[PDB]
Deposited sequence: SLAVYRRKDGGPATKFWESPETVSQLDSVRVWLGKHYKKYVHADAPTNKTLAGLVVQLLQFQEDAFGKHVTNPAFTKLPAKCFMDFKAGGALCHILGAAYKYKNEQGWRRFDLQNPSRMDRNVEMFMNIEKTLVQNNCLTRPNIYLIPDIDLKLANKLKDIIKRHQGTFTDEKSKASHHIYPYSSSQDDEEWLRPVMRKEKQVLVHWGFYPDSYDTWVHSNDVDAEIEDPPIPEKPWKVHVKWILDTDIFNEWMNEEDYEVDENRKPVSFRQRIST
């Protein structure tokens, strides 16, 4: 099986982040930060690789603090896709800008994401990071509509999961991000660099996406579906989110308007 090399944790792929292309991609992030979060980054004058290392520290912190192994975490992991958005006004810029703004506000001499004494203030930073992403339209937490056919006892359990993971639920399908239907081993390649291919493991969150050698994955990378409000997924999308403390990839759980599972892209067996 290829699941041999599946990540056992949602920690950062440090080699991807230290790679020269990624360091190069952060250049526009550094420049954008210098213009719009200037009073918070001017002192530290972060280089491209310093930003890259900060991303590793940030990703490692939320996996250590809010990971699958943590019973009742104080917070839910930020989506891994947020850290993959290197565009000028994108999510990664607001992530780093919020981190530097928060550090300036607390008067910290430096980031210390390994200090157990600073756990609660580091959690506080991530809350400020999530708010910055949401209020700048880079992140939208699920606003969930439960199909009325779901058993009331299950629906109430799903409602508690949704609230414990920064989500809300609504009674008007008009404004729901997701519609949840009753529900009655593979991977998918998502990115290719060098001889490395990033693969997504079915029923695992995006932080568990693993860089593997392209010769072990002959499958073609297909185009991700374009988002049309709302996602139609079944209840295991919410149930699995509670397991990993990280909102699952909707593609793995999608159903059509008759509750039958569908997969826009191909599923490659492990």
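Of the deposited sequence, just the range 185 to 190 has no C-alpha coordinates according to the record.
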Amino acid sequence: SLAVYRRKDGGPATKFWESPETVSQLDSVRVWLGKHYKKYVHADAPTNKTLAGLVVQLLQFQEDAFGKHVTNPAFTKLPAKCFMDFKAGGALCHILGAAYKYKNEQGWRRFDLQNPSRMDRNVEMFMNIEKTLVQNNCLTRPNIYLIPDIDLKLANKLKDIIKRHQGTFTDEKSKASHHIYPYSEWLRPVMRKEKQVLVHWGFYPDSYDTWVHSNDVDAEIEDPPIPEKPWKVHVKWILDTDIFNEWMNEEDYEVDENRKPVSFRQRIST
From here on, numbers count along this sequence of modelled residues.
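Of the two segments, 139 to 147 and 169 to 177, the one listed with the higher mean B-factor is 169 to 177 (C-alpha atoms only). Averaged over their C-alpha atoms, the temperature factors of 84 to 92 and 193 to 201 are higher for 193 to 201.
Taking the deposited Cα B-factors for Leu187, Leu78, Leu113, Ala98, the highest one is held by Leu113.
The maximum CA B-factor among the listed residues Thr241, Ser214, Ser207, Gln60, taken from the PDB record, is found at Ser214.
Ranked by C-alpha B-factor against the other modelled residues of its chain, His234 falls in the lowest third. Per-chain ranking of the deposited C-alpha B factor places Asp120 in the highest third.
Per the deposited record, the Cα B-factor of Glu18 falls in the highest third when ranked against the other modelled residues of its chain. Among the modelled residues of its chain, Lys131 has a C-alpha B-factor that falls in the lowest third according to the deposited record. Placement of the Cα temperature factor of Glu257 within the chain: highest third of the modelled residues, per the deposited record.
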